[PDB]
Amino acid sequence: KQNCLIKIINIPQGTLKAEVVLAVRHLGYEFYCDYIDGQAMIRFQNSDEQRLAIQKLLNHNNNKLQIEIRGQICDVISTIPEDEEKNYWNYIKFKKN
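Sequence positions in the sequence shown follow the deposited numbering and run 376 to 412, 460 to 519.
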């Protein structure tokens, strides 16, 4: 599917993948997480659930996409550049056993 990715950034040093996962889990949609270091890539089932997840994230004061992980505010980027998306789908098509 296309257009179902968000990138969480500036996750505090050495957060565990599971802590990210538990945070995204509260949005209530199913997702796959790939967490490298500081940056988590969250993939949703389809464009509709991606948009619902972004709508859940949206903070109606500053109008920012935010998620709390380990008490710290981390920003969500919803416009993943095309080539980077290509790379994610690639590293997925390879890294799975």
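Virtual Cβ for every residue (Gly too), placed ideally from N, Cα, C.
Is the Cβ-Cβ distance between residue i and residue j less than 8 Å?
| i | j | result |
| --- | --- | --- |
| residue 499 | residue 382 | yes |
| residue 404 | residue 475 | yes |
Drop a sphere of 10 angstroms on the beta-carbon of residue i, count the other beta-carbons inside from all chains shown, and report buried for 16 or more, exposed for fewer.
| i | result |
| --- | --- |
| residue 402 | buried |
| residue 495 | exposed |
| residue 398 | buried |
What distance in whole Å lies between the Cβ atoms of residue j and residue i, which are believed to be in contact at a cut-off of 8 Å?
| i | j | result |
| --- | --- | --- |
| residue 488 | residue 479 | 6 Å |
| residue 460 | residue 491 | Actually they do not touch by this definition, with Cβ atoms about 11 Å apart. |
Let me make sure I understand the geometry here. Which of the options has the alpha-carbon closest to that of residue i?
| i | options | result |
| --- | --- | --- |
| residue 377 | 511, 517, 518, 519 | 511 |
| residue 503 | 519, 463, 518 | 463 |
| residue 485 | 508, 497, 491, 518 | 497 |
To the nearest angstrom, how far is it from the Cα of residue i to the Cα of residue j?
| i | j | result |
| --- | --- | --- |
| residue 379 | residue 407 | 11 Å |
| residue 389 | residue 470 | 31 Å |
| residue 465 | residue 473 | 12 Å |
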